[PDB]
$ cat target28.cif   # mmCIF, N, CA, C and O atoms
data_structure
loop_
_atom_site.label_atom_id
_atom_site.label_comp_id
_atom_site.auth_asym_id
_atom_site.auth_seq_id
_atom_site.Cartn_x
_atom_site.Cartn_y
_atom_site.Cartn_z
N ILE T 1 3.24 19.71 13.51
CA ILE T 1 3.00 19.05 12.21
C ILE T 1 1.57 19.39 11.70
O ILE T 1 0.60 19.46 12.47
N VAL T 2 1.46 19.53 10.37
CA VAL T 2 0.16 19.63 9.67
C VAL T 2 -0.06 18.37 8.78
O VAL T 2 0.80 17.51 8.62
N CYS T 3 -1.26 18.23 8.24
CA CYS T 3 -1.61 17.20 7.24
C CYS T 3 -2.91 17.67 6.59
O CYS T 3 -3.89 17.92 7.30
N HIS T 4 -2.97 17.71 5.24
CA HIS T 4 -4.23 18.02 4.48
C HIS T 4 -5.49 17.32 5.07
O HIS T 4 -5.41 16.19 5.56
N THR T 5 -6.63 18.02 5.00
CA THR T 5 -7.95 17.48 5.44
C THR T 5 -8.28 16.10 4.81
O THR T 5 -7.61 15.65 3.87
N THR T 6 -9.34 15.44 5.30
CA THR T 6 -9.96 14.28 4.58
C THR T 6 -10.28 14.51 3.06
O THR T 6 -10.42 13.52 2.33
N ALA T 7 -10.37 15.77 2.60
CA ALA T 7 -10.76 16.14 1.22
C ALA T 7 -12.28 15.94 1.04
O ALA T 7 -12.72 15.27 0.12
N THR T 8 -13.12 16.52 1.92
CA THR T 8 -14.60 16.52 1.75
C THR T 8 -15.08 17.14 0.39
O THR T 8 -15.96 16.59 -0.27
N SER T 9 -14.47 18.27 0.02
CA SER T 9 -14.79 19.08 -1.17
C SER T 9 -13.62 20.09 -1.36
O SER T 9 -12.92 19.97 -2.37
N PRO T 10 -13.35 21.08 -0.45
CA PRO T 10 -12.26 22.06 -0.63
C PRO T 10 -10.97 21.50 0.01
O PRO T 10 -10.90 21.37 1.24
N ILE T 11 -9.95 21.16 -0.81
CA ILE T 11 -8.64 20.66 -0.30
C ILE T 11 -7.97 21.80 0.53
O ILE T 11 -7.44 22.77 -0.03
N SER T 12 -8.06 21.66 1.86
CA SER T 12 -7.58 22.67 2.83
C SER T 12 -6.42 22.03 3.63
O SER T 12 -5.64 21.23 3.10
N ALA T 13 -6.25 22.40 4.91
CA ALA T 13 -5.17 21.86 5.76
C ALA T 13 -5.65 21.78 7.22
O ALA T 13 -6.42 22.62 7.70
N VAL T 14 -5.20 20.73 7.92
CA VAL T 14 -5.65 20.44 9.31
C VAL T 14 -4.46 19.82 10.08
O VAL T 14 -3.50 19.29 9.52
N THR T 15 -4.54 19.83 11.41
CA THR T 15 -3.54 19.16 12.27
C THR T 15 -3.77 17.62 12.28
O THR T 15 -4.88 17.11 12.07
N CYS T 16 -2.67 16.90 12.52
CA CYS T 16 -2.71 15.45 12.75
C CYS T 16 -3.02 15.10 14.24
O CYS T 16 -2.55 15.82 15.13
N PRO T 17 -3.73 13.98 14.57
CA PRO T 17 -3.90 13.47 15.97
C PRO T 17 -2.60 13.32 16.84
O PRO T 17 -1.51 13.37 16.28
N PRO T 18 -2.65 13.09 18.18
CA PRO T 18 -1.43 12.76 18.99
C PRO T 18 -0.59 11.52 18.55
O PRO T 18 0.64 11.55 18.66
N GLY T 19 -1.25 10.45 18.05
CA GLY T 19 -0.58 9.27 17.47
C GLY T 19 -0.15 9.44 16.00
O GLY T 19 1.04 9.36 15.69
N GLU T 20 -1.14 9.69 15.13
CA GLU T 20 -0.92 9.90 13.68
C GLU T 20 -0.22 11.26 13.39
O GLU T 20 -0.31 12.21 14.18
N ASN T 21 0.53 11.32 12.28
CA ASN T 21 1.39 12.48 11.90
C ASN T 21 1.60 12.53 10.36
O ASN T 21 1.39 13.58 9.75
N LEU T 22 2.01 11.41 9.75
CA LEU T 22 2.19 11.28 8.28
C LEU T 22 0.87 11.39 7.50
O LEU T 22 -0.19 10.97 7.98
N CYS T 23 0.95 11.93 6.29
CA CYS T 23 -0.22 12.05 5.41
C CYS T 23 -0.34 10.83 4.48
O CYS T 23 0.62 10.51 3.78
N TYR T 24 -1.54 10.24 4.44
CA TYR T 24 -1.87 9.12 3.53
C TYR T 24 -2.82 9.55 2.39
O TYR T 24 -3.62 10.48 2.52
N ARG T 25 -2.78 8.75 1.32
CA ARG T 25 -3.67 8.90 0.14
C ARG T 25 -4.07 7.50 -0.37
O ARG T 25 -3.22 6.67 -0.72
N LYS T 26 -5.39 7.28 -0.44
CA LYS T 26 -5.97 6.01 -0.93
C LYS T 26 -6.54 6.19 -2.34
O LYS T 26 -7.41 7.04 -2.56
N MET T 27 -6.08 5.35 -3.27
CA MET T 27 -6.42 5.50 -4.70
C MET T 27 -6.66 4.11 -5.34
O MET T 27 -5.92 3.15 -5.09
N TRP T 28 -7.69 4.07 -6.19
CA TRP T 28 -8.04 2.88 -7.03
C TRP T 28 -8.06 3.12 -8.56
O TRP T 28 -8.81 2.49 -9.31
N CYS T 29 -7.16 3.99 -9.02
CA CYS T 29 -6.99 4.36 -10.44
C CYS T 29 -5.47 4.48 -10.74
O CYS T 29 -5.01 3.84 -11.69
N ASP T 30 -4.71 5.27 -9.94
CA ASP T 30 -3.23 5.41 -10.01
C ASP T 30 -2.63 5.58 -11.44
O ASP T 30 -1.89 4.72 -11.93
N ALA T 31 -3.05 6.66 -12.12
CA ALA T 31 -2.83 6.84 -13.57
C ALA T 31 -3.59 8.14 -13.93
O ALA T 31 -3.01 9.23 -13.87
N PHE T 32 -4.87 8.01 -14.34
CA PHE T 32 -5.65 9.07 -15.01
C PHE T 32 -7.03 8.39 -15.31
O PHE T 32 -7.24 7.78 -16.36
N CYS T 33 -7.98 8.50 -14.38
CA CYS T 33 -9.41 8.25 -14.67
C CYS T 33 -10.18 9.41 -15.36
O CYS T 33 -11.41 9.35 -15.43
N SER T 34 -9.49 10.45 -15.90
CA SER T 34 -10.11 11.62 -16.58
C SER T 34 -10.92 12.49 -15.60
O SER T 34 -11.45 11.98 -14.60
N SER T 35 -11.07 13.80 -15.89
CA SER T 35 -11.89 14.72 -15.05
C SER T 35 -11.07 15.11 -13.80
O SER T 35 -10.47 16.19 -13.75
N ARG T 36 -11.04 14.21 -12.81
CA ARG T 36 -10.33 14.41 -11.53
C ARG T 36 -9.26 13.34 -11.32
O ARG T 36 -9.25 12.70 -10.27
N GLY T 37 -8.30 13.16 -12.25
CA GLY T 37 -7.17 12.21 -12.08
C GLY T 37 -7.55 10.84 -11.48
O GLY T 37 -8.14 10.01 -12.16
N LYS T 38 -7.36 10.68 -10.17
CA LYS T 38 -7.76 9.47 -9.41
C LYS T 38 -8.57 9.84 -8.14
O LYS T 38 -8.43 10.95 -7.61
N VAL T 39 -9.43 8.90 -7.67
CA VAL T 39 -10.22 9.01 -6.40
C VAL T 39 -9.54 9.76 -5.21
O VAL T 39 -10.19 10.62 -4.60
N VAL T 40 -8.31 9.36 -4.83
CA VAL T 40 -7.45 10.05 -3.83
C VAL T 40 -8.18 10.59 -2.57
O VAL T 40 -8.74 11.70 -2.56
N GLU T 41 -8.18 9.78 -1.53
CA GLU T 41 -8.82 10.16 -0.27
C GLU T 41 -7.69 10.44 0.71
O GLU T 41 -7.02 9.53 1.22
N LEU T 42 -7.51 11.74 0.97
CA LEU T 42 -6.55 12.23 1.96
C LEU T 42 -6.98 11.84 3.41
O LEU T 42 -8.08 11.33 3.67
N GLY T 43 -6.04 12.04 4.33
CA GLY T 43 -6.22 11.66 5.73
C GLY T 43 -4.87 11.49 6.41
O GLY T 43 -3.88 11.06 5.80
N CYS T 44 -4.85 11.75 7.72
CA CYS T 44 -3.66 11.49 8.56
C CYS T 44 -3.55 10.00 8.98
O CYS T 44 -4.56 9.30 9.19
N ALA T 45 -2.31 9.52 9.09
CA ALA T 45 -1.96 8.12 9.46
C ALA T 45 -0.76 8.09 10.44
O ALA T 45 -0.09 9.10 10.67
N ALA T 46 -0.52 6.93 11.04
CA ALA T 46 0.64 6.67 11.95
C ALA T 46 1.74 5.74 11.36
O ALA T 46 2.91 5.90 11.71
N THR T 47 1.36 4.80 10.48
CA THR T 47 2.28 3.84 9.81
C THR T 47 2.36 4.13 8.29
O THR T 47 1.45 4.72 7.69
N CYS T 48 3.46 3.68 7.68
CA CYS T 48 3.68 3.85 6.23
C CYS T 48 4.37 2.57 5.66
O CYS T 48 5.59 2.59 5.50
N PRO T 49 3.65 1.45 5.32
CA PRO T 49 4.27 0.28 4.66
C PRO T 49 4.57 0.56 3.15
O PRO T 49 4.39 1.67 2.64
N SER T 50 5.06 -0.48 2.45
CA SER T 50 5.40 -0.39 1.01
C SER T 50 5.79 -1.82 0.57
O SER T 50 6.70 -2.44 1.12
N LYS T 51 5.07 -2.30 -0.45
CA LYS T 51 5.26 -3.66 -1.01
C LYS T 51 4.29 -3.84 -2.20
O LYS T 51 3.44 -4.75 -2.20
N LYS T 52 4.44 -3.01 -3.25
CA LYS T 52 3.68 -3.17 -4.52
C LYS T 52 2.14 -3.18 -4.23
O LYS T 52 1.55 -4.27 -4.24
N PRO T 53 1.49 -2.05 -3.85
CA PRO T 53 0.05 -2.05 -3.50
C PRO T 53 -0.89 -2.55 -4.62
O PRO T 53 -1.86 -3.26 -4.35
N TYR T 54 -0.59 -2.15 -5.88
CA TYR T 54 -1.47 -2.36 -7.05
C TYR T 54 -2.85 -1.64 -6.94
O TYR T 54 -3.76 -2.02 -7.69
N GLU T 55 -2.98 -0.63 -6.03
CA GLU T 55 -4.24 -0.12 -5.42
C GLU T 55 -4.19 -0.40 -3.89
O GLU T 55 -4.62 -1.46 -3.43
N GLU T 56 -3.69 0.58 -3.11
CA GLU T 56 -3.74 0.51 -1.62
C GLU T 56 -3.57 1.96 -1.06
O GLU T 56 -3.97 2.95 -1.68
N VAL T 57 -3.00 2.05 0.16
CA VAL T 57 -2.87 3.30 0.92
C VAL T 57 -1.36 3.61 0.98
O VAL T 57 -0.58 2.89 1.61
N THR T 58 -0.97 4.70 0.30
CA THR T 58 0.41 5.23 0.34
C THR T 58 0.48 6.40 1.35
O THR T 58 -0.53 6.79 1.94
N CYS T 59 1.69 6.93 1.59
CA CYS T 59 1.91 8.03 2.56
C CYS T 59 3.37 8.58 2.51
O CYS T 59 4.24 8.10 1.77
N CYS T 60 3.60 9.63 3.32
CA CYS T 60 4.91 10.29 3.45
C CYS T 60 5.05 10.80 4.90
O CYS T 60 4.19 11.54 5.39
N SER T 61 6.17 10.41 5.56
CA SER T 61 6.45 10.70 7.00
C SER T 61 6.87 12.18 7.24
O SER T 61 8.04 12.51 7.44
N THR T 62 5.88 13.07 7.16
CA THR T 62 6.10 14.53 7.13
C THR T 62 4.71 15.22 7.38
O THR T 62 3.73 14.62 7.85
N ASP T 63 4.66 16.53 7.08
CA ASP T 63 3.48 17.38 7.27
C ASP T 63 2.40 17.14 6.17
O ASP T 63 2.07 15.99 5.88
N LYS T 64 1.86 18.23 5.58
CA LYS T 64 1.20 18.24 4.25
C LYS T 64 2.14 17.74 3.10
O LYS T 64 2.64 18.49 2.26
N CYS T 65 2.34 16.43 3.10
CA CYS T 65 3.13 15.68 2.09
C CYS T 65 2.30 14.86 1.05
O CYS T 65 2.84 14.29 0.10
N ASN T 66 0.97 14.87 1.22
CA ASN T 66 -0.04 14.49 0.22
C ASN T 66 -0.65 15.65 -0.66
O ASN T 66 -1.68 15.30 -1.24
N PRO T 67 -0.17 16.95 -0.85
CA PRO T 67 -0.80 17.97 -1.72
C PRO T 67 -1.07 17.45 -3.13
O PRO T 67 -0.19 17.35 -3.98
N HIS T 68 -2.33 17.05 -3.30
CA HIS T 68 -2.78 16.52 -4.58
C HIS T 68 -2.73 17.56 -5.72
O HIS T 68 -2.09 17.20 -6.72
N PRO T 69 -3.28 18.81 -5.64
CA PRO T 69 -3.05 19.85 -6.67
C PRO T 69 -1.54 20.05 -6.98
O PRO T 69 -1.09 19.60 -8.03
N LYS T 70 -0.77 20.68 -6.06
CA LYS T 70 0.65 21.07 -6.31
C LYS T 70 0.92 21.78 -7.69
O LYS T 70 1.98 21.61 -8.31
N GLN T 71 -0.06 22.56 -8.16
CA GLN T 71 -0.08 23.13 -9.52
C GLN T 71 0.42 24.57 -9.35
O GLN T 71 -0.25 25.42 -8.75
N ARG T 72 1.64 24.80 -9.84
CA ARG T 72 2.27 26.12 -9.72
C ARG T 72 2.89 26.49 -11.09
O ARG T 72 3.67 25.68 -11.62
N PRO T 73 2.63 27.69 -11.69
CA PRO T 73 3.31 28.13 -12.93
C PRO T 73 4.84 28.40 -12.75
O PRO T 73 5.43 28.14 -11.69
N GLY T 74 5.48 28.90 -13.81
CA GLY T 74 6.89 29.31 -13.76
C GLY T 74 7.21 30.28 -14.89
O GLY T 74 6.70 31.43 -14.86
N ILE Q 1 -37.25 8.15 -8.54
CA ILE Q 1 -36.81 7.88 -7.15
C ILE Q 1 -35.27 7.72 -7.25
O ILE Q 1 -34.81 6.58 -7.37
N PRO Q 2 -34.44 8.81 -7.19
CA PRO Q 2 -32.96 8.70 -7.19
C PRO Q 2 -32.46 7.93 -5.95
O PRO Q 2 -32.51 8.43 -4.82
N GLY Q 3 -32.02 6.68 -6.18
CA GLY Q 3 -31.42 5.85 -5.11
C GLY Q 3 -30.16 6.46 -4.49
O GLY Q 3 -30.12 6.63 -3.27
N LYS Q 4 -29.18 6.84 -5.34
CA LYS Q 4 -27.96 7.57 -4.93
C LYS Q 4 -27.04 6.69 -4.06
O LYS Q 4 -27.45 6.17 -3.01
N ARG Q 5 -25.78 6.55 -4.48
CA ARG Q 5 -24.84 5.60 -3.83
C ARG Q 5 -24.23 6.26 -2.56
O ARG Q 5 -24.76 7.24 -2.01
N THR Q 6 -23.12 5.69 -2.08
CA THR Q 6 -22.29 6.34 -1.04
C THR Q 6 -21.04 6.98 -1.71
O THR Q 6 -19.89 6.67 -1.36
N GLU Q 7 -21.29 7.92 -2.64
CA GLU Q 7 -20.27 8.66 -3.43
C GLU Q 7 -19.13 9.22 -2.57
O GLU Q 7 -19.37 9.81 -1.51
N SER Q 8 -17.90 8.96 -3.01
CA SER Q 8 -16.70 9.38 -2.26
C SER Q 8 -16.13 10.65 -2.93
O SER Q 8 -16.77 11.33 -3.75
N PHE Q 9 -14.91 10.99 -2.53
CA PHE Q 9 -14.16 12.08 -3.16
C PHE Q 9 -13.32 11.60 -4.36
O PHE Q 9 -13.10 10.41 -4.59
N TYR Q 10 -12.88 12.60 -5.12
CA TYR Q 10 -11.99 12.41 -6.27
C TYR Q 10 -10.70 13.28 -6.10
O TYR Q 10 -10.29 13.56 -4.97
N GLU Q 11 -10.04 13.70 -7.19
CA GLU Q 11 -8.93 14.70 -7.14
C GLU Q 11 -9.22 16.02 -6.38
O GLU Q 11 -8.34 16.55 -5.69
N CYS Q 12 -10.44 16.54 -6.55
CA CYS Q 12 -10.85 17.85 -6.02
C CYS Q 12 -12.36 18.13 -6.15
O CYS Q 12 -12.95 18.80 -5.29
N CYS Q 13 -12.93 17.79 -7.30
CA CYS Q 13 -14.20 18.37 -7.76
C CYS Q 13 -14.84 17.48 -8.88
O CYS Q 13 -15.38 18.02 -9.85
N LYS Q 14 -14.83 16.13 -8.75
CA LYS Q 14 -15.55 15.24 -9.71
C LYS Q 14 -17.03 15.05 -9.33
O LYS Q 14 -17.66 14.08 -9.75
N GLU Q 15 -17.62 15.98 -8.55
CA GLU Q 15 -19.05 15.95 -8.23
C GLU Q 15 -19.27 14.73 -7.25
O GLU Q 15 -18.34 14.34 -6.53
N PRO Q 16 -20.43 14.03 -7.23
CA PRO Q 16 -20.53 12.68 -6.64
C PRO Q 16 -19.84 11.61 -7.53
O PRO Q 16 -20.52 11.07 -8.40
N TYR Q 17 -18.51 11.34 -7.32
CA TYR Q 17 -17.69 10.28 -8.01
C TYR Q 17 -18.43 9.35 -9.03
O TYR Q 17 -18.16 9.51 -10.23
N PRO Q 18 -19.37 8.43 -8.62
CA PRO Q 18 -20.17 7.59 -9.53
C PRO Q 18 -21.06 8.46 -10.44
O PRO Q 18 -22.03 9.08 -9.99
N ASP Q 19 -20.69 8.51 -11.73
CA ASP Q 19 -21.44 9.23 -12.78
C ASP Q 19 -21.29 10.77 -12.63
O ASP Q 19 -20.47 11.36 -13.36
#
$ encode --input "target28.cif" --output "structure tokens"
Amino acid sequence: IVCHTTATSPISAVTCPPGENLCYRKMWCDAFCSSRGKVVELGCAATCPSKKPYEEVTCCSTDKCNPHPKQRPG
Amino acid sequence: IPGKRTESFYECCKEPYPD
């Protein structure tokens, strides 16, 4: 399994720990704060709850499943 | 004397987040 880096500056890719595997993203805008969308702090996690965060830590039980860019032409 | 916060990350490249 892989999971995107902490996002220090260059959004790259890194392995997850022996416990953690799923990719998380922490955001306090969830919309469009202009310039750089939302804060979005990447990182690997082990749990994935869900109950209307309003601003909390989301995730996906997979590899690099937090790709914040995902910008591809067609 | 720039105090400077504990600036976090943004989408990719918002510089030091605060300002």
$ atom_distance --input "target28.cif" --atom1 "atom CA of residue Q:11" --atom2 "atom O of residue T:17"
24.6 Å
$ resolve_selection --input "target28.cif" --expression "the PyMOL selection byres (((chain Q and resi 12 and name CA) around 9) and name CA)" --output "PDB file with N, CA, C and O atoms, in the frame of the given file"
ATOM      1  N   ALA T   7     -10.370  15.770   2.600  1.00  0.00           N
ATOM      2  CA  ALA T   7     -10.760  16.140   1.220  1.00  0.00           C
ATOM      3  C   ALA T   7     -12.280  15.940   1.040  1.00  0.00           C
ATOM      4  O   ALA T   7     -12.720  15.270   0.120  1.00  0.00           O
ATOM      5  N   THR T   8     -13.120  16.520   1.920  1.00  0.00           N
ATOM      6  CA  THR T   8     -14.600  16.520   1.750  1.00  0.00           C
ATOM      7  C   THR T   8     -15.080  17.140   0.390  1.00  0.00           C
ATOM      8  O   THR T   8     -15.960  16.590  -0.270  1.00  0.00           O
ATOM      9  N   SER T   9     -14.470  18.270   0.020  1.00  0.00           N
ATOM     10  CA  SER T   9     -14.790  19.080  -1.170  1.00  0.00           C
ATOM     11  C   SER T   9     -13.620  20.090  -1.360  1.00  0.00           C
ATOM     12  O   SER T   9     -12.920  19.970  -2.370  1.00  0.00           O
ATOM     13  N   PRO T  10     -13.350  21.080  -0.450  1.00  0.00           N
ATOM     14  CA  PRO T  10     -12.260  22.060  -0.630  1.00  0.00           C
ATOM     15  C   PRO T  10     -10.970  21.500   0.010  1.00  0.00           C
ATOM     16  O   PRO T  10     -10.900  21.370   1.240  1.00  0.00           O
ATOM     17  N   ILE T  11      -9.950  21.160  -0.810  1.00  0.00           N
ATOM     18  CA  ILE T  11      -8.640  20.660  -0.300  1.00  0.00           C
ATOM     19  C   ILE T  11      -7.970  21.800   0.530  1.00  0.00           C
ATOM     20  O   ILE T  11      -7.440  22.770  -0.030  1.00  0.00           O
ATOM     21  N   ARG T  36     -11.040  14.210 -12.810  1.00  0.00           N
ATOM     22  CA  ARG T  36     -10.330  14.410 -11.530  1.00  0.00           C
ATOM     23  C   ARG T  36      -9.260  13.340 -11.320  1.00  0.00           C
ATOM     24  O   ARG T  36      -9.250  12.700 -10.270  1.00  0.00           O
ATOM     25  N   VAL T  39      -9.430   8.900  -7.670  1.00  0.00           N
ATOM     26  CA  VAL T  39     -10.220   9.010  -6.400  1.00  0.00           C
ATOM     27  C   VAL T  39      -9.540   9.760  -5.210  1.00  0.00           C
ATOM     28  O   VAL T  39     -10.190  10.620  -4.600  1.00  0.00           O
ATOM     29  N   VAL T  40      -8.310   9.360  -4.830  1.00  0.00           N
ATOM     30  CA  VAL T  40      -7.450  10.050  -3.830  1.00  0.00           C
ATOM     31  C   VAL T  40      -8.180  10.590  -2.570  1.00  0.00           C
ATOM     32  O   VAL T  40      -8.740  11.700  -2.560  1.00  0.00           O
ATOM     33  N   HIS T  68      -2.330  17.050  -3.300  1.00  0.00           N
ATOM     34  CA  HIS T  68      -2.780  16.520  -4.580  1.00  0.00           C
ATOM     35  C   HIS T  68      -2.730  17.560  -5.720  1.00  0.00           C
ATOM     36  O   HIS T  68      -2.090  17.200  -6.720  1.00  0.00           O
ATOM     37  N   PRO T  69      -3.280  18.810  -5.640  1.00  0.00           N
ATOM     38  CA  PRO T  69      -3.050  19.850  -6.670  1.00  0.00           C
ATOM     39  C   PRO T  69      -1.540  20.050  -6.980  1.00  0.00           C
ATOM     40  O   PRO T  69      -1.090  19.600  -8.030  1.00  0.00           O
TER      41      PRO T  69
ATOM     42  N   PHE Q   9     -14.910  10.990  -2.530  1.00  0.00           N
ATOM     43  CA  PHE Q   9     -14.160  12.080  -3.160  1.00  0.00           C
ATOM     44  C   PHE Q   9     -13.320  11.600  -4.360  1.00  0.00           C
ATOM     45  O   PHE Q   9     -13.100  10.410  -4.590  1.00  0.00           O
ATOM     46  N   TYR Q  10     -12.880  12.600  -5.120  1.00  0.00           N
ATOM     47  CA  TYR Q  10     -11.990  12.410  -6.270  1.00  0.00           C
ATOM     48  C   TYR Q  10     -10.700  13.280  -6.100  1.00  0.00           C
ATOM     49  O   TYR Q  10     -10.290  13.560  -4.970  1.00  0.00           O
ATOM     50  N   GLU Q  11     -10.040  13.700  -7.190  1.00  0.00           N
ATOM     51  CA  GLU Q  11      -8.930  14.700  -7.140  1.00  0.00           C
ATOM     52  C   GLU Q  11      -9.220  16.020  -6.380  1.00  0.00           C
ATOM     53  O   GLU Q  11      -8.340  16.550  -5.690  1.00  0.00           O
ATOM     54  N   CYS Q  13     -12.930  17.790  -7.300  1.00  0.00           N
ATOM     55  CA  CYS Q  13     -14.200  18.370  -7.760  1.00  0.00           C
ATOM     56  C   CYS Q  13     -14.840  17.480  -8.880  1.00  0.00           C
ATOM     57  O   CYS Q  13     -15.380  18.020  -9.850  1.00  0.00           O
ATOM     58  N   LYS Q  14     -14.830  16.130  -8.750  1.00  0.00           N
ATOM     59  CA  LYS Q  14     -15.550  15.240  -9.710  1.00  0.00           C
ATOM     60  C   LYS Q  14     -17.030  15.050  -9.330  1.00  0.00           C
ATOM     61  O   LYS Q  14     -17.660  14.080  -9.750  1.00  0.00           O
ATOM     62  N   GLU Q  15     -17.620  15.980  -8.550  1.00  0.00           N
ATOM     63  CA  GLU Q  15     -19.050  15.950  -8.230  1.00  0.00           C
ATOM     64  C   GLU Q  15     -19.270  14.730  -7.250  1.00  0.00           C
ATOM     65  O   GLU Q  15     -18.340  14.340  -6.530  1.00  0.00           O
TER      66      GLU Q  15
END
$ atom_distance --input "target28.cif" --atom1 "atom C of residue T:58" --atom2 "atom CA of residue T:26"
6.9 Å
$ atom_distance --input "target28.cif" --atom1 "atom N of residue T:20" --atom2 "atom O of residue T:66"
17.3 Å
$ resolve_selection --input "target28.cif" --expression "the PyMOL selection byres ((chain Q and resi 18) around 8)" --output "ChimeraX atom specification"
/Q:4-9,14-17,19
$ resolve_selection --input "target28.cif" --expression "the PyMOL selection byres (((chain T and resi 16 and name CA) around 8) and name CA)" --output "VMD selection string"
chain T and resid 1 to 3 14 to 15 17 to 18 20 to 22 44
$ axis_aligned_box --input "target28.cif" --around "chain Q" --padding-each-side "5 Å" --output "JSON"
{"center_x": -22.8, "center_y": 12.2, "center_z": -7.2, "size_x": 38.9, "size_y": 23.2, "size_z": 22.3}
$ select_by_dssp --input "target28.cif" --residues "chain T" --states "strand (DSSP E or B)" --output "list in words"
residues 2, 3, 14, 15, 22, 23, 24, 25, 26, 41, 42, 43, 44, 45, 57, 58, 59 and 60 of chain T
$ decode --input "target28.cif" --residues "stretch 26-56 of chain T" --atoms "C-alpha atoms" --output "PDB file, in the first residue's frame"
ATOM      1  CA  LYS T  26      -7.921  17.436   7.506  1.00  0.00           C
ATOM      2  CA  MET T  27      -9.738  20.585   6.299  1.00  0.00           C
ATOM      3  CA  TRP T  28     -11.297  23.740   7.879  1.00  0.00           C
ATOM      4  CA  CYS T  29     -12.786  25.355   4.711  1.00  0.00           C
ATOM      5  CA  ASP T  30     -14.458  22.405   2.719  1.00  0.00           C
ATOM      6  CA  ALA T  31     -15.617  24.567  -0.256  1.00  0.00           C
ATOM      7  CA  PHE T  32     -13.174  27.185  -1.725  1.00  0.00           C
ATOM      8  CA  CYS T  33     -10.995  29.531   0.439  1.00  0.00           C
ATOM      9  CA  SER T  34      -9.524  30.929  -2.934  1.00  0.00           C
ATOM     10  CA  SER T  35      -5.827  30.548  -4.077  1.00  0.00           C
ATOM     11  CA  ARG T  36      -5.325  26.959  -2.720  1.00  0.00           C
ATOM     12  CA  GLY T  37      -8.949  25.592  -2.330  1.00  0.00           C
ATOM     13  CA  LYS T  38      -8.843  24.393   1.352  1.00  0.00           C
ATOM     14  CA  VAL T  39      -6.030  23.856   4.015  1.00  0.00           C
ATOM     15  CA  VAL T  40      -6.018  19.988   3.405  1.00  0.00           C
ATOM     16  CA  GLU T  41      -3.330  18.256   5.490  1.00  0.00           C
ATOM     17  CA  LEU T  42      -2.557  14.821   4.062  1.00  0.00           C
ATOM     18  CA  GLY T  43      -1.288  11.906   6.191  1.00  0.00           C
ATOM     19  CA  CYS T  44      -1.708   8.150   6.745  1.00  0.00           C
ATOM     20  CA  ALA T  45      -4.335   6.837   9.288  1.00  0.00           C
ATOM     21  CA  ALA T  46      -5.686   3.483  10.702  1.00  0.00           C
ATOM     22  CA  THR T  47      -9.426   4.374  11.392  1.00  0.00           C
ATOM     23  CA  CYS T  48     -12.079   6.090   9.193  1.00  0.00           C
ATOM     24  CA  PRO T  49     -15.280   7.353  11.116  1.00  0.00           C
ATOM     25  CA  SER T  50     -18.173   9.384   9.534  1.00  0.00           C
ATOM     26  CA  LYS T  51     -20.933  11.433  11.266  1.00  0.00           C
ATOM     27  CA  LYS T  52     -21.308  14.992   9.773  1.00  0.00           C
ATOM     28  CA  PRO T  53     -17.773  16.482  10.645  1.00  0.00           C
ATOM     29  CA  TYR T  54     -18.661  20.150   9.759  1.00  0.00           C
ATOM     30  CA  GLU T  55     -14.756  20.465   9.710  1.00  0.00           C
ATOM     31  CA  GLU T  56     -12.890  17.243  10.816  1.00  0.00           C
TER      32      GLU T  56
END
